[PDB]
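Inspection log for the structure reproduced underneath, given as structure tokens.
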Amino acid sequence: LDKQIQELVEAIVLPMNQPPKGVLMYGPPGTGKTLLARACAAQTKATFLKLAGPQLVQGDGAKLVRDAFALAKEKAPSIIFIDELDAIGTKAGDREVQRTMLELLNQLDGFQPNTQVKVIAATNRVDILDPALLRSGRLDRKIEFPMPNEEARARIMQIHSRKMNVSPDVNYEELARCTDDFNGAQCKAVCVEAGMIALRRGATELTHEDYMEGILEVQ
Amino acid sequence: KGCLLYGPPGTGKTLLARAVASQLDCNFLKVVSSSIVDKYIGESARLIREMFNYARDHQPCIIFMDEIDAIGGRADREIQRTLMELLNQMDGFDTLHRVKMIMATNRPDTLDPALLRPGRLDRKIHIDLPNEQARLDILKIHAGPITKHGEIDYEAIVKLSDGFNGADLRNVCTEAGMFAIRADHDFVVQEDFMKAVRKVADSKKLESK
Amino acid sequence: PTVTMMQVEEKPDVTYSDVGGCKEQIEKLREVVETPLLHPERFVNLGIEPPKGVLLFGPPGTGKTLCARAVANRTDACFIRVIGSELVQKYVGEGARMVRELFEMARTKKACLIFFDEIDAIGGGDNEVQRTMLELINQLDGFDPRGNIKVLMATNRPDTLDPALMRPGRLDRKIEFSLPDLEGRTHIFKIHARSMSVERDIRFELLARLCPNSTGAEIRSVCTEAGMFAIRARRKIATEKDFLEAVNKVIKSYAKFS
């Protein structure tokens, strides 16, 4: 899971620090692509402008496209991360979102000043994919996700548990071994669950046995 | 007002219809075969009347149909209902003038011989396999607008390409040009052509189903 | 408008020991309403992103009593309780200015605490509700009003999918209804001994053991038919032998079908 976070961090940082324009971040569920791209946003440090799938469906989706590209035109080089694009781009409202889609590709095709702020796209499945997305300005980086391991779960749980007051005795192998058949948000239930009883325990610093005590507590 | 492009041995209809449809096309409107499976209540009849109604309200109109082999069974009840709307709206009493539609397929066995009737499908062109010489010439006439380094060698690109798609040949070769443009070099060496064409082309062999 | 001066809630109400029998959960929801109020800097210095509040859902039971408890435990300046019926109304566009003017009053009232009642009325076509709940969560997750004061959702159904997927980021400390044991009801009895003339001959442990599965709603109905049948019997003092038929009637005749 390092060559694709390197490919993503390059895809969105080498133009930030012809540069790439579009990225299609897909893969099987259970990985945490939204918090993996948000963990990437924690390394870019730029403004993270969230946008969901059905936000275009409210002739308003084209107004949100021209709004995100007006903030892309004038606003500082932030990080616009859209998600769930296959659900709204189902190839009479869906045809209106196909007009919004063809306006999106027309603005990613006929506009030369598109070297400014980019847009990160994420989908949960690539069965519904527009064949007209083959362009440098359009979605180019198509990456598939491998199955995560306990080491990668210690990586994302360490990026998500690096700022809190954790005692410096964590082998990561007891907790990495105990976290079986889990996902990113469930490891967030593990670490947040370890942060739950931090008040009533009295010790303001998180300890070692509270991770496995959260695993055995809620899961 | 109708035509068929069946290329069972080989491919190459995507570079043609995408070359002219990307050139002028007089319009732009694509109809994909995945908007008909209708997982919900099968009300796709009024979707055909509405979408084709707009396709006839607009005077310039060209419609493409890709991957019709799975939706061309000889679940199938609503398929044959929309095919009855295709009969009554291809050879019916309607305003069936200049507006044009194009069908594409893979196998000439489940091609709905009711739809294979003239009128519903006037013309048919049997595309052949992309030959190694044809791959070389198509790579030379498609190698024009793309930039390359002075060191060129088409023998490795054409040689390492065996049983590939022509549309995937152009999108994988230009995909390798966009792979080499990452480091914003005006000159494009063929090392990244071998690398990205080889790896991404093998990914199109994994996804060549 | 009228909701500005009407929204400010005064005249305090039901206290602490009316809790429906929760011994640990009353700490799980007390350590966020009473403990952060004693000092702001304490939980700010406790680390990263101090907890806003808790989450109440499930069966109604003793609902609206623990919120009245939160209003009672206010030591300095009587607080408020946003109701859910004010956001979803006719003539859309006033709920946004409403929530922004009450959050602006939260900014004006030196970090005032806010409570949200009946979230199911604005939770879950519904685009006019999507303005109130998506703009509502857009203002809660926003750092403009405040990010430490108070969150508390009191509702009947947790079936609000969008708040269920937007809550784990900001909202925390979800608890169940925590129905009491046999010994829990005698606390509600000892605090509601101000009710309509509970005679000293009435034993609270007897009344507690004479009613199983009698959570705060059902013993609140024990008090409702207690004072009601105390008024209707032309009596002035209440005696356990005089209204035990109303007790086992209000729990058994109402526990047959339900």
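Within each chain, counting starts at residue 1; across the structure tokens, chains are named A, B, ... in the order shown, with ligands numbered 1 upward in that order.
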
Please determine the contact residues of chain C with respect to chain A at a cut-off of 12 Å, counting only C-alpha atoms, and supply them as a PyMOL selection string. chain C and resi 24+27-28+30-32+35-36+42-51+54+125-128+130-131+134+138+165+168-174

Would you put the residues from that selection into a file with N, CA and C atoms, as an mmCIF file, in the first residue's frame?
```
data_model
loop_
_atom_site.group_PDB
_atom_site.id
_atom_site.type_symbol
_atom_site.label_atom_id
_atom_site.label_comp_id
_atom_site.auth_asym_id
_atom_site.auth_seq_id
_atom_site.Cartn_x
_atom_site.Cartn_y
_atom_site.Cartn_z
ATOM 1 N N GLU C 24 -23.690 4.127 36.548
ATOM 2 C CA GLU C 24 -22.494 4.417 35.765
ATOM 3 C C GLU C 24 -22.792 5.335 34.587
ATOM 4 N N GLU C 27 -22.766 8.930 35.290
ATOM 5 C CA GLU C 27 -21.421 9.490 35.244
ATOM 6 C C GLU C 27 -20.944 9.651 33.806
ATOM 7 N N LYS C 28 -21.311 8.707 32.932
ATOM 8 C CA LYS C 28 -20.899 8.784 31.534
ATOM 9 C C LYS C 28 -21.511 9.988 30.829
ATOM 10 N N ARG C 30 -22.692 12.641 32.931
ATOM 11 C CA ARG C 30 -22.475 13.729 33.875
ATOM 12 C C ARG C 30 -21.086 14.339 33.754
ATOM 13 N N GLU C 31 -20.078 13.529 33.421
ATOM 14 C CA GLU C 31 -18.707 14.015 33.303
ATOM 15 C C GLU C 31 -18.488 14.889 32.077
ATOM 16 N N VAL C 32 -19.519 15.129 31.272
ATOM 17 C CA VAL C 32 -19.411 16.036 30.139
ATOM 18 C C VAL C 32 -20.289 17.272 30.286
ATOM 19 N N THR C 35 -18.528 18.313 34.646
ATOM 20 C CA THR C 35 -17.082 18.370 34.835
ATOM 21 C C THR C 35 -16.428 19.442 33.960
ATOM 22 N N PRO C 36 -16.770 19.564 32.668
ATOM 23 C CA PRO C 36 -16.179 20.657 31.876
ATOM 24 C C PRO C 36 -16.668 22.032 32.290
ATOM 25 N N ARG C 42 -9.393 23.077 31.734
ATOM 26 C CA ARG C 42 -9.003 21.751 32.206
ATOM 27 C C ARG C 42 -9.057 20.721 31.083
ATOM 28 N N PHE C 43 -10.188 20.637 30.381
ATOM 29 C CA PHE C 43 -10.298 19.680 29.288
ATOM 30 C C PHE C 43 -9.627 20.168 28.013
ATOM 31 N N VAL C 44 -9.393 21.477 27.885
ATOM 32 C CA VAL C 44 -8.559 21.971 26.793
ATOM 33 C C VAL C 44 -7.122 21.504 26.983
ATOM 34 N N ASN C 45 -6.627 21.563 28.219
ATOM 35 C CA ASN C 45 -5.300 21.074 28.565
ATOM 36 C C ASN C 45 -5.259 19.563 28.748
ATOM 37 N N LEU C 46 -6.410 18.888 28.711
ATOM 38 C CA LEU C 46 -6.446 17.436 28.835
ATOM 39 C C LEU C 46 -5.958 16.724 27.576
ATOM 40 N N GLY C 47 -5.618 17.456 26.518
ATOM 41 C CA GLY C 47 -5.138 16.832 25.301
ATOM 42 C C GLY C 47 -5.658 17.453 24.021
ATOM 43 N N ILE C 48 -6.349 16.660 23.206
ATOM 44 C CA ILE C 48 -6.755 17.056 21.861
ATOM 45 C C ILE C 48 -8.260 16.855 21.726
ATOM 46 N N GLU C 49 -8.967 17.920 21.330
ATOM 47 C CA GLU C 49 -10.395 17.895 21.026
ATOM 48 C C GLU C 49 -11.207 17.321 22.181
ATOM 49 N N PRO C 50 -11.385 18.074 23.265
ATOM 50 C CA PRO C 50 -12.185 17.586 24.398
ATOM 51 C C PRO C 50 -13.583 17.196 23.956
ATOM 52 N N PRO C 51 -14.206 16.231 24.636
ATOM 53 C CA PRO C 51 -15.509 15.724 24.183
ATOM 54 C C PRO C 51 -16.601 16.777 24.319
ATOM 55 N N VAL C 54 -22.767 13.815 24.804
ATOM 56 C CA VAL C 54 -23.171 12.418 24.786
ATOM 57 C C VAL C 54 -24.304 12.239 23.778
ATOM 58 N N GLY C 125 -38.015 16.020 -2.419
ATOM 59 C CA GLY C 125 -38.538 15.344 -1.247
ATOM 60 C C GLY C 125 -38.134 16.006 0.056
ATOM 61 N N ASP C 126 -37.143 15.419 0.732
ATOM 62 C CA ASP C 126 -36.646 15.932 2.003
ATOM 63 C C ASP C 126 -35.490 16.911 1.834
ATOM 64 N N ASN C 127 -35.375 17.554 0.668
ATOM 65 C CA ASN C 127 -34.283 18.497 0.449
ATOM 66 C C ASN C 127 -34.389 19.703 1.373
ATOM 67 N N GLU C 128 -35.612 20.152 1.668
ATOM 68 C CA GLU C 128 -35.795 21.221 2.641
ATOM 69 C C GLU C 128 -35.389 20.785 4.042
ATOM 70 N N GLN C 130 -32.874 18.432 4.221
ATOM 71 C CA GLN C 130 -31.442 18.325 3.973
ATOM 72 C C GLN C 130 -30.729 19.658 4.149
ATOM 73 N N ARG C 131 -31.429 20.776 3.946
ATOM 74 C CA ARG C 131 -30.838 22.074 4.252
ATOM 75 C C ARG C 131 -30.601 22.228 5.748
ATOM 76 N N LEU C 134 -28.039 19.085 6.872
ATOM 77 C CA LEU C 134 -26.721 19.229 6.267
ATOM 78 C C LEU C 134 -26.090 20.571 6.609
ATOM 79 N N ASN C 138 -23.107 20.964 9.083
ATOM 80 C CA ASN C 138 -22.097 21.844 8.506
ATOM 81 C C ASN C 138 -21.696 22.947 9.478
ATOM 82 N N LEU C 165 -23.695 8.389 10.114
ATOM 83 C CA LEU C 165 -22.403 8.335 9.444
ATOM 84 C C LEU C 165 -21.608 9.626 9.578
ATOM 85 N N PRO C 168 -19.779 9.903 14.019
ATOM 86 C CA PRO C 168 -18.560 9.369 14.656
ATOM 87 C C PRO C 168 -17.369 10.307 14.576
ATOM 88 N N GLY C 169 -17.374 11.265 13.654
ATOM 89 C CA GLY C 169 -16.312 12.247 13.575
ATOM 90 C C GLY C 169 -16.317 13.214 14.741
ATOM 91 N N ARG C 170 -17.465 13.841 14.989
ATOM 92 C CA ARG C 170 -17.601 14.869 16.013
ATOM 93 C C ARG C 170 -18.326 14.378 17.258
ATOM 94 N N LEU C 171 -19.496 13.767 17.100
ATOM 95 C CA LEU C 171 -20.240 13.262 18.245
ATOM 96 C C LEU C 171 -19.562 12.024 18.822
ATOM 97 N N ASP C 172 -19.780 11.796 20.115
ATOM 98 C CA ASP C 172 -19.133 10.689 20.805
ATOM 99 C C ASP C 172 -19.946 10.338 22.045
ATOM 100 N N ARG C 173 -19.538 9.249 22.700
ATOM 101 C CA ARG C 173 -20.142 8.775 23.947
ATOM 102 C C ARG C 173 -21.630 8.461 23.760
ATOM 103 N N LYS C 174 -21.893 7.464 22.920
ATOM 104 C CA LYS C 174 -23.245 6.947 22.761
ATOM 105 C C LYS C 174 -23.541 5.904 23.831
#
```

Residues flagged strand (DSSP E) by DSSP in stretch 54-122 of chain C, as a VMD selection string: chain C and resid 54 to 56 116 to 117

What are the DSSP alpha helix (DSSP H) residues of stretch 14-71 of chain A, as a PyMOL selection string? chain A and resi 33-44+61-71

Determine, counting only C-alpha atoms, which protein, DNA and RNA residues have an atom within 7 Å of an atom of stretch 210-213 of chain A; residues of the same chain fewer than 4 positions away are not included. Present the result as an mmCIF file with N, CA and C atoms, in the first residue's frame.
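As written to disk, around_21.cif reads:
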```cif
data_model
loop_
_atom_site.group_PDB
_atom_site.id
_atom_site.type_symbol
_atom_site.label_atom_id
_atom_site.label_comp_id
_atom_site.auth_asym_id
_atom_site.auth_seq_id
_atom_site.Cartn_x
_atom_site.Cartn_y
_atom_site.Cartn_z
ATOM 1 N N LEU A 175 -1.297 -5.707 19.240
ATOM 2 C CA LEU A 175 -2.496 -5.079 18.698
ATOM 3 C C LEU A 175 -2.646 -5.345 17.205
ATOM 4 N N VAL A 190 -11.215 1.215 17.683
ATOM 5 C CA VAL A 190 -10.240 0.722 18.649
ATOM 6 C C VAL A 190 -9.517 1.883 19.323
ATOM 7 N N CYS A 191 -8.980 2.812 18.527
ATOM 8 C CA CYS A 191 -8.194 3.902 19.097
ATOM 9 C C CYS A 191 -9.074 4.922 19.812
ATOM 10 N N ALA A 194 -10.088 3.455 22.939
ATOM 11 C CA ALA A 194 -9.008 3.641 23.900
ATOM 12 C C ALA A 194 -8.995 5.061 24.447
ATOM 13 N N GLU A 217 -12.743 -4.718 24.253
ATOM 14 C CA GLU A 217 -13.871 -3.995 24.829
ATOM 15 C C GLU A 217 -15.050 -3.947 23.862
#
```

At a cut-off of 12 Å, list the chain A residues touching chain B, using only C-alpha atoms, as a PyMOL selection string. chain A and resi 7+10-15+18-22+89-96+98-99+101-103+106+109+126-144

Keeping only N, CA and C atoms, write those residues as a short mmCIF file (atom, residue, chain, number, x, y, z; two decimals), in the first residue's frame.
```
data_model
loop_
_atom_site.label_atom_id
_atom_site.label_comp_id
_atom_site.auth_asym_id
_atom_site.auth_seq_id
_atom_site.Cartn_x
_atom_site.Cartn_y
_atom_site.Cartn_z
N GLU A 7 2.21 6.90 -5.48
CA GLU A 7 1.67 7.34 -6.75
C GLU A 7 0.61 8.43 -6.57
N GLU A 10 2.53 11.61 -5.29
CA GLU A 10 3.15 12.23 -6.46
C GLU A 10 2.09 12.88 -7.35
N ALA A 11 0.98 12.19 -7.58
CA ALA A 11 -0.06 12.69 -8.47
C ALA A 11 -0.62 14.03 -8.01
N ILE A 12 -0.67 14.27 -6.70
CA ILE A 12 -1.26 15.49 -6.16
C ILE A 12 -0.24 16.42 -5.53
N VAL A 13 1.03 16.03 -5.46
CA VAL A 13 2.06 16.87 -4.88
C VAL A 13 3.07 17.36 -5.91
N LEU A 14 3.45 16.53 -6.89
CA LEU A 14 4.37 16.99 -7.93
C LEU A 14 3.79 18.16 -8.74
N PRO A 15 2.45 18.30 -8.88
CA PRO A 15 1.93 19.56 -9.45
C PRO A 15 1.78 20.64 -8.39
N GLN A 18 4.16 18.10 -18.50
CA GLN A 18 2.92 18.64 -17.94
C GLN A 18 2.54 17.91 -16.65
N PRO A 19 2.06 18.65 -15.66
CA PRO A 19 1.70 18.03 -14.39
C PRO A 19 0.40 17.25 -14.52
N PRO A 20 0.22 16.21 -13.72
CA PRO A 20 -1.03 15.44 -13.78
C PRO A 20 -2.21 16.26 -13.28
N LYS A 21 -3.39 15.96 -13.83
CA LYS A 21 -4.60 16.71 -13.53
C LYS A 21 -5.65 15.87 -12.82
N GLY A 22 -5.97 14.69 -13.34
CA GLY A 22 -7.03 13.86 -12.80
C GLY A 22 -6.50 12.55 -12.26
N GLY A 89 -22.92 9.06 -12.05
CA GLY A 89 -22.65 9.02 -13.47
C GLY A 89 -23.13 7.73 -14.11
N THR A 90 -24.34 7.31 -13.75
CA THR A 90 -24.89 6.04 -14.22
C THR A 90 -25.12 6.12 -15.73
N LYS A 91 -24.26 5.43 -16.48
CA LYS A 91 -24.35 5.43 -17.94
C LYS A 91 -25.29 4.34 -18.44
N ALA A 92 -35.08 10.71 -15.72
CA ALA A 92 -34.34 11.54 -16.67
C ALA A 92 -33.29 12.37 -15.96
N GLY A 93 -33.22 12.23 -14.63
CA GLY A 93 -32.23 12.98 -13.87
C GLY A 93 -30.81 12.51 -14.13
N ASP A 94 -30.63 11.19 -14.31
CA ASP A 94 -29.30 10.66 -14.58
C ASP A 94 -28.74 11.20 -15.89
N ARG A 95 -29.60 11.47 -16.87
CA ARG A 95 -29.13 12.10 -18.10
C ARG A 95 -28.75 13.55 -17.88
N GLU A 96 -29.41 14.22 -16.93
CA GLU A 96 -29.02 15.58 -16.57
C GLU A 96 -27.66 15.59 -15.88
N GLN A 98 -25.52 13.39 -16.62
CA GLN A 98 -24.63 13.11 -17.74
C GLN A 98 -24.33 14.37 -18.53
N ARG A 99 -25.24 15.34 -18.53
CA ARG A 99 -24.93 16.65 -19.10
C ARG A 99 -23.95 17.40 -18.20
N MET A 101 -21.83 15.84 -16.44
CA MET A 101 -20.59 15.10 -16.64
C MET A 101 -19.89 15.54 -17.92
N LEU A 102 -20.64 15.69 -19.01
CA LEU A 102 -20.03 16.12 -20.26
C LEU A 102 -19.60 17.58 -20.22
N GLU A 103 -20.21 18.39 -19.35
CA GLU A 103 -19.70 19.74 -19.12
C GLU A 103 -18.42 19.70 -18.30
N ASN A 106 -15.87 18.65 -20.72
CA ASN A 106 -15.63 19.74 -21.66
C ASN A 106 -14.78 20.83 -21.03
N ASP A 109 -11.32 19.55 -20.92
CA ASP A 109 -10.80 19.30 -22.26
C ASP A 109 -10.45 20.59 -22.99
N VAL A 126 -15.61 0.31 -10.57
CA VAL A 126 -15.32 0.88 -11.89
C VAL A 126 -16.13 0.17 -12.96
N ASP A 127 -17.27 -0.41 -12.56
CA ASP A 127 -18.17 -1.00 -13.55
C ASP A 127 -18.85 0.08 -14.38
N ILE A 128 -19.21 1.20 -13.76
CA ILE A 128 -19.83 2.33 -14.45
C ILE A 128 -18.74 3.39 -14.60
N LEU A 129 -18.11 3.42 -15.77
CA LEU A 129 -17.01 4.34 -16.03
C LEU A 129 -17.19 4.95 -17.42
N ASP A 130 -17.06 6.26 -17.50
CA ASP A 130 -17.22 6.97 -18.77
C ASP A 130 -16.03 6.69 -19.68
N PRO A 131 -16.23 6.12 -20.87
CA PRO A 131 -15.09 5.86 -21.76
C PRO A 131 -14.41 7.12 -22.27
N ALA A 132 -15.04 8.29 -22.13
CA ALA A 132 -14.47 9.54 -22.60
C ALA A 132 -13.50 10.17 -21.60
N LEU A 133 -13.13 9.45 -20.54
CA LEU A 133 -12.24 9.96 -19.51
C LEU A 133 -10.77 9.68 -19.81
N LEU A 134 -10.40 9.53 -21.08
CA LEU A 134 -9.03 9.21 -21.47
C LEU A 134 -8.36 10.49 -21.95
N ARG A 135 -7.79 11.23 -21.00
CA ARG A 135 -7.10 12.48 -21.30
C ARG A 135 -6.23 12.85 -20.11
N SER A 136 -5.15 13.58 -20.39
CA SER A 136 -4.27 14.04 -19.32
C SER A 136 -5.01 14.98 -18.37
N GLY A 137 -5.83 15.87 -18.91
CA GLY A 137 -6.62 16.75 -18.05
C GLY A 137 -7.70 16.00 -17.30
N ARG A 138 -8.28 14.99 -17.92
CA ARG A 138 -9.34 14.19 -17.30
C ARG A 138 -8.71 13.15 -16.37
N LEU A 139 -9.52 12.20 -15.90
CA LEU A 139 -9.05 11.20 -14.96
C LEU A 139 -8.06 10.27 -15.63
N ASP A 140 -6.81 10.27 -15.15
CA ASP A 140 -5.75 9.47 -15.73
C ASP A 140 -5.23 8.40 -14.79
N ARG A 141 -4.92 8.75 -13.55
CA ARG A 141 -4.33 7.82 -12.59
C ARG A 141 -5.40 6.84 -12.12
N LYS A 142 -5.39 5.63 -12.69
CA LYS A 142 -6.31 4.56 -12.33
C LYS A 142 -5.52 3.52 -11.54
N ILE A 143 -5.75 3.48 -10.23
CA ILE A 143 -5.00 2.62 -9.32
C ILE A 143 -5.97 1.65 -8.64
N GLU A 144 -5.55 0.39 -8.53
CA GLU A 144 -6.33 -0.65 -7.88
C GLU A 144 -5.76 -0.90 -6.48
#
```
